[PDB]
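**Q** structure for this input, please:
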Amino acid sequence: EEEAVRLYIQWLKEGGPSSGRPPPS
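**A** Numbers count the residues shown, from 1 in each chain. The coordinates are given below.
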């Protein structure tokens, strides 16, 4: 189950403040 993407894409994608944040990976 994707804990992630709400968490991961939460990092970078659409609503994700990237460039200066550690990802799920």
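**Q** list of residues touching stretch 6-18?
**A** Outside stretch 6-18, the residues that touch it by C-beta atoms under 8 Å, 6 or more residues apart in numbering are 2, 21-24. Every C-beta, even on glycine, is put in place using the N, C-alpha and C of the backbone.
**Q** the same query, at a cut-off of 6 Å, please.
**A** In this structure, residues lying in contact with stretch 6-18 by C-beta atoms under 6 Å, 6 or more residues apart in numbering are 21, 23-24.
**Q** show me the strands in this structure, by range?
**A** With DSSP state E as the definition, the chain shows no strands.
**Q** all helices of it, in order?
**A** 9-12 (DSSP state H).
**Q** most distant residue from the middle of it?
**A** Farthest-out residue of the chain from its mean C-alpha position, per C-alpha atoms, centre = their mean: residue 1, at 15.3 Å.
**Q** how close does it get to residue 22?
**A** 22 Å (C-beta to C-beta, to the nearest Å).
**Q** and what of residue 16?
**A** 12 Å.
**Q** residue 5: neighbour count?
**A** 12 (other C-beta atoms under 10 Å).
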